[PDB]
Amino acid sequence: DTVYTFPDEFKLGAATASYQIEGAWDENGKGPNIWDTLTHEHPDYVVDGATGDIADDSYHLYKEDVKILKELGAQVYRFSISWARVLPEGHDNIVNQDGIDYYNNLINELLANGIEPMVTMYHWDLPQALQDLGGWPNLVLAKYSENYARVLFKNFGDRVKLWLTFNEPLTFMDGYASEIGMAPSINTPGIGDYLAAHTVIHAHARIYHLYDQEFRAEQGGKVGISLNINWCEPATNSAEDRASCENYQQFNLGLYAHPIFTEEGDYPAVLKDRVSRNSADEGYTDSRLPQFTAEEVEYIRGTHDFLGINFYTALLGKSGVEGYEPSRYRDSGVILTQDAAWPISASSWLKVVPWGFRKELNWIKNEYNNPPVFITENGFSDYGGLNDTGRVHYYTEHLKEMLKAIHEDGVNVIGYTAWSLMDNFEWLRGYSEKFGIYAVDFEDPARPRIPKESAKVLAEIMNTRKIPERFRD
């Protein structure tokens, strides 16, 4: 039963994000963010015209969140801080004491209940005042991000020892690649999304160096970043299809992880080279991919204490090129599909491919020299219901695959937080797609959280520190 047992030091818990759960979008001095803007000005972009104005009301109900975390037996709670709740103007001239108090109250409540906080600084909710300068494509945001992090480290770092600078820049960069998509819903594919990535990488590095310079000696914590990646399985066993899947890994994970997690640093060569060639062929004087100087490469590489991974699903990849010119997908040189045989979810993009998790963990181990990996998200959507057998099966299979990666393959996985503690605002899908292990009634002003079968099974896993026999192969 070794392969079914969690290592003694391994941390298990659950995860949320600020805009998805908090509500109180304009309460007690909080400034507006790009998701306030999207859901207020462009309800046509969101299922049901939903907003995060109330969501789970975790701004008011944070003690209820801690209660269910304690019931679950979570060792760690991953949550994010709302930038505009703390710095309503984005810049650090005004610090909102209400925001400071709120996150202190949550942190203190967690610790009093024996649950460790893990804090994501940026989970997609950029202050609108910073978007008005251009947002992530504008490199000035790297210094603004440093200043925001300083406020967080100063106020919370005495009690928070696990930090993630960013969540899924691969996803939020796409807010600069569509007029109707993720906030801020700007249509600059193949140009502005790359600029956003570049700024994020710079920002991450500044934040890490800040921690080293101003806080680490005193606080003794760890700073990472949460990167999402799908497994990409070759459609056939050919060398050509394998090449396309390597392209996928480099264009999705490597975009962020090669600069930070390798000894060499910089973007992956294939990323630089394919974008350079495509840009030339299309008549640009300059490559659409921004460049790091040698000094920047050195500054950025090594800025990590662990790697956060969000893992959900897999794709098939075959040799070829498709997508619009210009775009990151077209530049990446892979044709992506899903296998019809894979079990479905309530999300078009999410198919159940648990063995892909093990493959991805091995890819990461080999590419980045077995960094400590914390699984900061993994989970499954349905449309509702407490007898969530699909979600239970999703978790038990993915945890089994992860445990094989640890025990059989030697991957240094150090923790795992399920996405999500509770049903919440699922971005452009509104409240229509449910990812929680606790259900929430969004028509009940009290927003009660009630356990699904998956919450019960995860509690059993957390308590026993093993995969129960009935879920074993």
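From 1 onward, residues are counted along the sequence shown.
Visitor: May I ask you to compare 439 to 447 and 54 to 62 by their mean CA B factor in the entry and name the higher one?
Guide: Comparing averages over the C-alpha atoms only gives 439 to 447.
Visitor: Mean Cα B factor from the PDB record: higher for 346 to 354, or higher for 101 to 109?
Guide: Looking at the record's C-alpha B-factors, the answer is 101 to 109.
Visitor: Going by the entry, which of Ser381, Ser332, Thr293, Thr389 has the most elevated CA B factor?
Guide: Of the options given, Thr389 has the highest CA B-factor in the PDB entry.
Visitor: Pick out which of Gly220, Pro184, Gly317, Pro259 has the highest C-alpha B-factor in the PDB entry.
Guide: Out of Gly220, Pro184, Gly317, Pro259, the record gives the largest C-alpha B-factor to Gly220.
Visitor: Considering only modelled residues of the same chain, in which third does the CA B-factor of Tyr176 rank: lowest, middle or highest?
Guide: Lowest third, going by the recorded CA B-factors of the chain.
Visitor: Please place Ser432 in the lowest, middle or highest third of its chain by C-alpha B factor as given in the entry.
Guide: Middle third.
Visitor: Using only modelled residues of the chain, where does the Cα B factor of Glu426 rank: lowest third, middle third or highest third?
Guide: Within its chain, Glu426 is a lowest-third residue by C-alpha B-factor, going by the deposited values.
Visitor: Going by what the PDB entry lists, where does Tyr312 fall on CA B-factor within its chain: lowest, middle or highest third?
Guide: For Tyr312, the deposited C-alpha B-factor lands in the lowest third.
Visitor: Within this chain, which third does the Cα B-factor at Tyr148 fall in: lowest, middle or highest?
Guide: Lowest third.
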